[PDB]
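The structure appears right after this line, and notes come after that.
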Amino acid sequence: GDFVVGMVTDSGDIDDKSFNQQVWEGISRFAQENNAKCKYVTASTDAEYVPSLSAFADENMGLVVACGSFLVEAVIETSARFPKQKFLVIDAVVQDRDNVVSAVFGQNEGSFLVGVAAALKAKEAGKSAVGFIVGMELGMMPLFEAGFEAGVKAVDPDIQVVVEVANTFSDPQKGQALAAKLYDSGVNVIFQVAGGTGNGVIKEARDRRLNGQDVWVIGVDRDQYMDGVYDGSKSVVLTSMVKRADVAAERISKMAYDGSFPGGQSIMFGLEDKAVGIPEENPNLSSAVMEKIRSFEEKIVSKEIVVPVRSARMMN
Ligand SMILES: Nc1ncnc2c1ncn2[C@@H]1O[C@H](CO)[C@@H](O)[C@H]1O
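For the sequence shown, the entry's author numbering assigns the number 18 to the initial residue and increments by one for each residue that follows.
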């Protein structure tokens, strides 16, 4: 036998180049470094959710990881039935449950940083608009736009953010279509926050550049710089809003493994903890740009600047 961590996805697969991938990599590192084991199951439909989480709980594993906000209901109900099983919910808040720990991220703060990068790049071409494609808007998803918009405005209040919602994290065909719509309108920079769907946005940006259009995309979850290489050397990825869901998974799995599981707590992984932000190295960002970004970053961490949780269009 061994200590086992089981992961349940709510959409797409572990090869999504972003969110599911980060979570699985984290659980995988935990396992490999501690001689433990791990496995996962994919569940695209919500009627598949409770059955997936329950089978894992029934195997009495070390920790069941619910990857994504679509799983919150199934987890609240499943964890009710299986009080002796530990559950970790990634990307949504679950409190008042001793056997549930939830990890959320200060993605508004991280997104502020790539908004600064987006605005500076847009200004370079004399653009007064930048694009934003998000997979869904439920749960904590709005934090991305709220922060992206704040970062853009911190550079130039006259630059407008144009938003498209895909209503799915697993349709790259739709991501590509929404990206073409935005680029066709004149936008030269798009921040994609759409998981698997986002891979279609990155593909459109690569196709566009090859086609002679000076466009850019900003990645998410992972450092997606290499995914954007289009001519052998250069990349269309301006930078990425990295989100260490892998560290969160790895750390909480280790806590469960060691007997220090913080049940009943919803833990925030932020900019200060370096759980969100931009990659260490950014080939497409100048030193001047990096300078401005790090300056904002320090101010947000020190709380000299508080990043909003909802964008202007979503505030009363
Ligand atoms: N398969 C998914 N299920 C739930 N949320 C997702 C999924 N893929 C991406 N996301 C959300 O969109 C963001 C950018 O991909 C992620 O950090 C996460 O918040």
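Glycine included, each C-beta is placed from N, C-alpha and C at the ideal position.
Closer than 7 Å: residue i CB and nearest ligand 1 heavy atom
{"i": "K291", "result": "no"}
{"i": "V111", "result": "no"}
{"i": "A74", "result": "no"}
{"i": "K309", "result": "no"}
{"i": "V237", "result": "yes"}
{"i": "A60", "result": "no"}
{"i": "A53", "result": "no"}
{"i": "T26", "result": "yes"}
{"i": "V182", "result": "no"}
{"i": "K260", "result": "yes"}
{"i": "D63", "result": "no"}
{"i": "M158", "result": "yes"}
{"i": "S257", "result": "no"}
{"i": "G29", "result": "yes"}
{"i": "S69", "result": "no"}
{"i": "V131", "result": "no"}
{"i": "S119", "result": "no"}
{"i": "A196", "result": "no"}
{"i": "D263", "result": "no"}
{"i": "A97", "result": "no"}
{"i": "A211", "result": "yes"}
{"i": "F36", "result": "yes"}
{"i": "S283", "result": "no"}
{"i": "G85", "result": "yes"}
{"i": "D244", "result": "no"}
{"i": "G217", "result": "no"}
{"i": "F186", "result": "yes"}
{"i": "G152", "result": "yes"}
{"i": "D108", "result": "yes"}
Among the options, the one whose alpha carbon lies nearest that of residue i
{"i": "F122", "options": "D108, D115 and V133", "result": "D108"}
{"i": "residue 5", "options": "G217, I269 and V326", "result": "Any property of residue 5 remains undetermined from this structure, which presents the chain solely from 18 to 333."}
{"i": "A329", "options": "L137, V264 and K170", "result": "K170"}
{"i": "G203", "options": "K271, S145, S128 and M24", "result": "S145"}
{"i": "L70", "options": "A53, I93, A48 and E50", "result": "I93"}
{"i": "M243", "options": "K140, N301 and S270", "result": "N301"}
{"i": "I235", "options": "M332, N51, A139 and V264", "result": "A139"}
{"i": "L105", "options": "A97, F99, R98 and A120", "result": "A120"}
{"i": "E267", "options": "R46, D19 and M285", "result": "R46"}
{"i": "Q112", "options": "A48, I284 and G215", "result": "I284"}
Buried or exposed by the 16-neighbour rule on C-beta atoms within 10 Å, applied to residue i
{"i": "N184", "result": "exposed"}
{"i": "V323", "result": "exposed"}
{"i": "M158", "result": "buried"}
{"i": "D173", "result": "exposed"}
{"i": "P189", "result": "buried"}
{"i": "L155", "result": "exposed"}
{"i": "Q102", "result": "buried"}
{"i": "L130", "result": "buried"}
{"i": "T62", "result": "exposed"}
{"i": "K309", "result": "buried"}
{"i": "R261", "result": "buried"}
{"i": "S304", "result": "exposed"}
{"i": "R114", "result": "buried"}
{"i": "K191", "result": "buried"}
{"i": "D275", "result": "exposed"}
Nonlocal neighbours in the same chain, by C-beta distance under 7 Å from residue i, ignoring five residues either side
{"i": "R223", "result": "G245, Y247 and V253"}
{"i": "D240", "result": "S257, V259 and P296"}
{"i": "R225", "result": "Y200 and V232"}
{"i": "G29", "result": "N37, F186, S187, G212 and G213"}
{"i": "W41", "result": "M24, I31 and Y57"}
{"i": "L288", "result": "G123, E126, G127, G294, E314, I317 and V318"}
{"i": "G132", "result": "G164, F165, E166, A167, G168 and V169"}
6 Å CB neighbourhood of residue i in its chain, flanking five on each side removed
{"i": "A142", "result": "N205"}
{"i": "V58", "result": "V25 and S69"}
{"i": "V21", "result": "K54, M78 and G79"}
{"i": "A197", "result": "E221"}
{"i": "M272", "result": "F278"}
{"i": "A83", "result": "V25, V92 and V106"}
8 Å CB neighbourhood of residue i in its chain, flanking five on each side removed
{"i": "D32", "result": "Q38"}
{"i": "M331", "result": "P159, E162 and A163"}
{"i": "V179", "result": "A146, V147, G148, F149, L199, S202 and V204"}
{"i": "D19", "result": "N52, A53 and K54"}
{"i": "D175", "result": "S145"}
Beta strand (DSSP E) segments (min. 3 residues) lying fully within the stretch 142-170: 146-151
Let me know the beta strand (DSSP E) ranges lying completely inside the stretch 221-286, each 3 residues or longer, listed in chain order. 233-238, 254-260 and 283-286
Length at least 4, wholly inside the stretch 52-112: the alpha helix (DSSP H) runs in chain order: 66-75 and 89-98
What ranges does the alpha helix (DSSP H) occupy inside the stretch 185-224, keeping only unbroken runs of at least 4 residues that lie completely in it? 189-201
Those runs of the alpha helix (DSSP H) which lie wholly inside the stretch 110-142 and span at least 4 residues: Counting whole runs of 4 or more residues, the stretch 110-142 contains the alpha helix (DSSP H) stretches 124-141.
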